Amino acid sequence: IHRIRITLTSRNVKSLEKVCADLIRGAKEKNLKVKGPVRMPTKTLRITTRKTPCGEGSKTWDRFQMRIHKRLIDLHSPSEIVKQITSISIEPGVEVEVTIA
Amino acid sequence: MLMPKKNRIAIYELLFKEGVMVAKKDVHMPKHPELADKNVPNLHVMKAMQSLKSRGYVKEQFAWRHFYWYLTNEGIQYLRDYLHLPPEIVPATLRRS
Amino acid sequence: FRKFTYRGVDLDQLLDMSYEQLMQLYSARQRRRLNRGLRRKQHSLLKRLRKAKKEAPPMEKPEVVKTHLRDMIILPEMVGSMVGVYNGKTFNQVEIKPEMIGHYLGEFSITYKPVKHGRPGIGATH
Amino acid sequence: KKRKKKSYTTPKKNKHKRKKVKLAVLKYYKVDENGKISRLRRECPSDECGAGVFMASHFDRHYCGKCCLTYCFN
Amino acid sequence: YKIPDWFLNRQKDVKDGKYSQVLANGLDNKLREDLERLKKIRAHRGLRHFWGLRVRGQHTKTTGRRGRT
Amino acid sequence: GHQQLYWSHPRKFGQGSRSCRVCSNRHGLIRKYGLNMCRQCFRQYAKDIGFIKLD
Amino acid sequence: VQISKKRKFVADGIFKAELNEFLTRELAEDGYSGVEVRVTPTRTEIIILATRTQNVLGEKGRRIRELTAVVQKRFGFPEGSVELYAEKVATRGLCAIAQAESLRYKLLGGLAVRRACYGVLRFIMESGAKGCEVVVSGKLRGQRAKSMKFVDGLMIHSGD
RNA sequence: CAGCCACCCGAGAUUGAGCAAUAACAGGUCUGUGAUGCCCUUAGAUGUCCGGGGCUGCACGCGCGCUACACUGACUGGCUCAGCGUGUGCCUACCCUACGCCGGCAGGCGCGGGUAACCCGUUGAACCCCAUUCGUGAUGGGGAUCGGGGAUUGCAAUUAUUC
RNA sequence: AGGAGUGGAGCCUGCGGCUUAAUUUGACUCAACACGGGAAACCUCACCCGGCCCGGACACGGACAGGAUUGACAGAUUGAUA
């Protein structure tokens, strides 16, 4: 069928956006009807903790923060082209998946 | 250390069949992770490997509530001679090139 | 005098009714314990208290019954036993009484020496 | 802290003592008009136990280890 | 008017199973004096009621200066 | 009778079976996200894990 | 088998931490510097950087296969999907871990601690780094412990 | 001059944090350390085992908040609206919440909506625009102290810790 | 200038005196005392009792190949189901 989605989940914005731009350019090069980069709301996990190992001193809380980002791109194409365009030397540290409707 | 002989025999068997091995630290567990369905409680497993390391044939290695085993040529010869293993079995990673 | 009865129903009359209808006069928590279901930890202790009752000499209190965990009441079969309950080093002597129904036996056990009233210390005035 | 001193009672308790025959003769015996080993011990009817399992015929009860059946004589 | 028993305060009464209502002086305080029954059972609740302390586990370490002058 | 001798209390509320996985310890544990580490090792590994202060 | 993305991310970070801890406890004698992870569709490779490649390899290439089986058996991943490479660092001068281990193993072998610190400072400054500091603290002369510093170049301690 | 004070314009004419230097404290942490040295160790132990055993024990004061003192509001409801986020499991059993009914309450059973901004949820939360009393109060607020009824993970909730 | 309004007056983990077997301590101005990310029956439990395996591998001596633990109901009983 012509209902194919690709999922790129990562933590850094630069590598993920470069990968998304590369994929969208490659899928534009071949005459494909491709949906643009859909930006799922980034989720940041907040962890306020004790700094000192033993409770002593002042109450200083380390606000550790991790933000993760997700992009979804839909496209109507043969799946063989999807596989051939996935292995385009993707960036390390980004998780890419293929989803069927 | 009072544990069935088949337990130690199978421990040696799997150690030789894999060459290397590990020991997990827990007493709330029922048995060993890779020895599940074999009623081999991990307590006797850590007893086994601590006896083996105290015997002076495996160098201890520990990280994050886990023990890593080593393989020495003297240890290989000792295990083969004591278990009467055939002199043709080799460590697992040397198989399949 | 005026004979005390548990909510109008006495020991023999508690025996007459089934336990499920006995729960209504009972209290909760000792109602949920039966309602969910009963299990072990009441087999060997009940056995030995029955034996201490059986082997008792005539018209005398039965032999000591040794416990650590403070039991509860769900049927008066245990009533009429003298129990040493562990407090941490010694055993507390309690004789079961027919006015204790619908209440835990843990309320009749102690773990601490009663406090003392003395004089103020050195570093306590500020 | 001090020494806990778990020595109020029992000056020195040791492990359990078990004494065994050098070669058990109470298991099989003569005097049954048989030239083979004669059966005085009760044979376990359970499949999970067998003729090599000797439920100790003491003054009371049968002691097995896996099923622990009991027979009354009165 | 067939008002259920649980709405009342004397639901599941002591001595006898009672669910009716009787509002009168001189007996209501004796019903309030329900600790004496448990006082005779010398339970932990009974001892705590003897000392006039909050039996529901309230911390009485040094607090509670009211009512003693 | 070994079953009655050891672990006569099934713990479906325990925390030591899944305690800190760096060193065998429970004090200062976080149970979020399956990390199962103490505060000391959590802060000694947050950069390696992927957490970083930004505010 | 699968879990949400936040939990998988923290689990992958935990696995990276475990890997680095085990390696730095094992191969620091071989001038171990660092580790990295690459993930391909249904495959995971882990690469290492260390100064002495021939020493970190060992004999018959046995250590790499042994350690790989160790991590494969440790982390319960599908077997045959883990492979460990053999790479050397760009330079041992601009890497803090490598020089820290060099100072460590100069200290263990028996040598005046300040001679070793001076040597590591000289080695850093001939490597071309813009600056460094090394602090050696503990009991050097006597029973008291005094933290002891060495700085060269310029170092920034604030901001992004 | 470096700048400061006003005005036009402009979204903003000082948004808020994170990091944060010399050199030090005999500050704390040997009860995170499988980072630990040297004395105490080497079984009449200095642990997971029953959890049995306790800071939920009391003659006063210091030490971080809420209810309160009302006609600045308790008070019948008419109501129209949030943000941050953990959320059904390679030993991770513990998950947030709709259809029908029951019961004041703890909950129940059939599939259950949840790999996510699809599910919670157009998060129908706090005050107030009104609806009986109080119309100037020790009470209906202060339920802070003692009775009795229920369920969901609990081998056990007694010193009712939990609703 | 003052504003939530402080300690004020019941009920907080918390500290300090607290007998008892131990109410354990570590941490005394800001830079301790809702701190040890401490709302504890159980993992927060260190401390008071009785059992659990010795987690004893080299030297050297024992029945020196049959040495000795799990063997639900009654009996030896600080568990009778350790």
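Letters A, B, ... are given to chains in the order of the sequence lines, protein chains preceding strands, and every chain is numbered from 1. Computation of the quantities below employed the complete heavy-atom set of this structure, encompassing side-chain atoms and omitting hydrogens, waters and symmetry-equivalent molecules.
- A donor-acceptor pair under 3.5 Å is absent between the side-chain atoms of F:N25 and the main chain of F:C38, judged by distance alone.
- Listed nucleotides: H:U88, H:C19, H:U86. Nearest to the side chain of G:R7: H:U88.
- More than 12 heavy-atom neighbours from other residues, nucleotides or ligands sit within 6.0 angstrom of CG on G:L108.
- Comparing H:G57, H:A117, H:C90 against the side chain of A:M40 picks out H:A117 as the nearest.
- Counting atom types as modelled, C:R32 pairs no side-chain N or O with a base atom of H:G150 as donor and acceptor under 3.5 Å.
- Atom CG in G:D160 sits about 19 Å away from atom P in H:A17, given to the nearest Å.
- Residue A:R63 is in sugar-phosphate contact alone, with no base atom involved, counting any heavy-atom pair closer than 4.0 Å across all strands shown.
- Nearest to the side-chain atoms of G:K6 among the listed nucleotides H:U86, H:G51, H:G147 stands H:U86.
- Comparing atom distances between the A:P41 side chain and each of H:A117, H:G16, H:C19 picks out H:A117 as nearest.
- Going by the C1'-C2'-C3'-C4' torsion, the sugar of H:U22 sits on the north side, since that angle is positive.
- Contacts of C:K51 with the nucleic acid, taken as non-hydrogen atoms under 4.0 Å apart, involve only primed sugar atoms and P, OP1 or OP2.
- Sugar pucker annotation for H:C60: north, assigned from a positive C1'-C2'-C3'-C4' dihedral.
- Among the protein residues, E:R56 comes within range of the nucleic acid bases, having at least one heavy atom under 4.0 Å from a base atom.
- Per the geometry, CD1 belonging to C:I74 stands 14 Å off P belonging to H:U158, to the nearest Å.
- Nucleotides I:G26 and I:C35 meet the pairing criterion: a Watson-Crick or G-U wobble pair with both donor-acceptor distances under 3.5 Å.
- Stacking between H:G16 and H:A17 holds, as the six-membered ring centres sit under 5.5 Å apart and the ring planes differ by under 30°.
- Using a 4.0 Å heavy-atom cutoff across all strands shown, E:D13 reaches no nucleic acid atom at all.
- Pairing check for H:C163 against H:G150: the two satisfy the Watson-Crick or G-U wobble geometry, each of the two atom distances being under 3.5 Å.
- E:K12 places a side-chain N or O within donor-acceptor distance of the main-chain N or O of C:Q24, the cut-off being under 3.5 Å.
- Annotation: of the two residues near RNA chain I, D:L23 and E:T63, the 5′-most nearest-nucleotide partner is E:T63.
- Under the 5.5 Å centre and 30° plane thresholds, the six-membered base rings of I:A41 and I:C42 are judged not to be stacked.
- As judged by a 4.0 angstrom heavy-atom cut-off over every strand, G:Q2 is placed among the base-contacting residues.
- Within 4.0 Å of A:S58, counting heavy atoms only, lie sugar-phosphate atoms of the nucleic acid but no base atom.
- Adjacent nucleotides H:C84 and H:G85 have six-membered base rings whose centres lie under 5.5 Å apart with planes inclined under 30°, meeting the stacking criterion.
- A salt bridge links E:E36 and E:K30; the closest N-O separation between the charged side-chain nitrogens and carboxylate oxygens is under 4.0 Å.
- Evaluation of the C1'-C2'-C3'-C4' torsion of I:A65 gives a negative value and hence a south sugar.
- Here I:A76 is in the syn range [glycosidic angle within 90° of 0].
- Closest-nucleotide positions on RNA chain H for C:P120 and G:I3 were compared, and the one nearer the 5' end corresponds to C:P120.
- Checking H:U46, H:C58, H:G150 against every side-chain atom of C:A28, the shortest atom distance belongs to H:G150.
- Side chain to side chain, B:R55 and B:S51 meet the donor-acceptor criterion of an N or O pair below 3.5 Å.
- From the dihedral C1'-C2'-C3'-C4', which is negative here, one reads the pucker of I:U6 as south, toward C2'-endo.
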Between the protein and nucleotides 32-38 of chain H, which nitrogen or oxygen pairs are less than 3.5 angstrom apart?
| unit_1 | atom_1 | unit_2 | atom_2 | d |
| --- | --- | --- | --- | --- |
| H:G32 | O4' | F:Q40 | NE2 | 3.0 |
| H:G32 | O3' | F:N25 | OD1 | 2.8 |
| H:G32 | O2' | F:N25 | OD1 | 2.8 |
| H:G32 | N9 | F:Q40 | NE2 | 3.2 |
| H:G34 | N7 | B:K25 | NZ | 2.7 |
| H:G34 | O6 | B:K25 | NZ | 3.4 |
| H:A35 | OP2 | G:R25 | NH2 | 2.3 |

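- A salt bridge is absent between A:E95 and G:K8: the closest approach of a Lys/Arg side-chain nitrogen to an acidic carboxylate oxygen does not fall below 4.0 angstrom.
- Annotation for F:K53: atom NZ counts as buried by contact number, over 12 foreign heavy atoms lying within 6.0 Å.
- Counting atom types as modelled, C:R29 pairs no side-chain N or O with a base atom of H:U158 as donor and acceptor under 3.5 Å.
- With rounding to the nearest 0.5 Å, the separation of CD1 in E:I41 from CG in E:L47 is 11.5 Å.
- Under the 90° criterion around 0 for the glycosidic angle, H:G148 counts as anti.
- Of all nucleotides listed (H:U56, H:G87, H:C146), H:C146 comes nearest to the side chain of E:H49.
- Candidate nucleotides H:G53, H:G87, H:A156 were compared by shortest atom distance to the side chain of F:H9, and H:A156 ranks first.
- For H:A45, the torsion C1'-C2'-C3'-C4' is below zero, which places the sugar in the south, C2'-endo range.
- A salt bridge between E:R45 and C:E107 is present, with a side-chain N of the basic residue lying under 4.0 Å from a carboxylate O of the acidic one.
- Consecutive residues H:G54 and H:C55 do not stack, lacking base ring centres under 5.5 Å apart with planes under 30°.
- At least one donor-acceptor pair closer than 3.5 Å links the side chain of G:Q72 to the backbone N or O of G:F77.
- Nucleotides H:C99 and H:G110 qualify as a pair under the Watson-Crick or G-U wobble definition, both contacts being shorter than 3.5 Å.
- Between I:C54 and I:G7 there is no Watson-Crick or G-U wobble pairing whose two distances both come in under 3.5 Å.
- Nearest-nucleotide positions on RNA chain H place C:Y86 closer to the 5' end than the other of C:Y86 and C:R36.
- Here NE2 of D:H58 is found 9.0 Å from OH of D:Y63. Values are rounded to the nearest 0.5 Å.
- Remark: H:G87 pairs with H:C119, satisfying the Watson-Crick or G-U wobble criterion at under 3.5 Å for both atom pairs.
- For the pair C:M72 CE and H:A156 P, the interatomic distance rounds to 11 Å; values are reported in whole Å.
- Other residues, nucleotides and ligands contribute more than 12 heavy atoms inside 6.0 Å of the NZ atom of E:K15.
- Residue contacts shown for E:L8 are absent, as no nucleic acid heavy atom lies under 4.0 Å away.
- As judged by a 4.0 angstrom heavy-atom cut-off over every strand, E:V55 is placed among residues touching the sugar-phosphate backbone only.
- Within 4.0 Å of F:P10, counting heavy atoms only, lie sugar-phosphate atoms of the nucleic acid but no base atom.
- Taken together, H:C109 and H:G100 qualify as a Watson-Crick or G-U wobble pair under the 3.5 Å criterion applied to both distances.
- Residue contacts shown for E:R45 are limited to sugar-phosphate atoms, with no base heavy atom under 4.0 Å away.
- Between C:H68 and C:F91, the ring planes are perpendicular. Angles over 60° get that label, and only those under 30° would be called parallel.
- Taking only side-chain atoms of G:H157, from C-beta outward, the nucleotide of H:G148, H:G147, H:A21 with the closest atom is H:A21.
- The 12-atom threshold is not exceeded at CD of B:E60, counting heavy atoms of other residues, nucleotides or ligands nearer than 6.0 Å.
- Chain E approaches RNA chain I within less than 4.0 angstrom (heavy atoms of the protein), and the contacting nucleotides run 5' to 3' from I:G10 to I:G17.
- With hydrogens and angles ignored, a donor-acceptor pair closer than 3.5 Å exists between the side chain of A:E56 and the base of H:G27.
- In this step of the strand, H:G150 stacks on H:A151, since the centres of their six-membered base rings are under 5.5 Å apart and the ring planes meet at under 30°.
- Using a 4.0 Å heavy-atom distance criterion, C:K54 is classed as making no nucleic acid contact.
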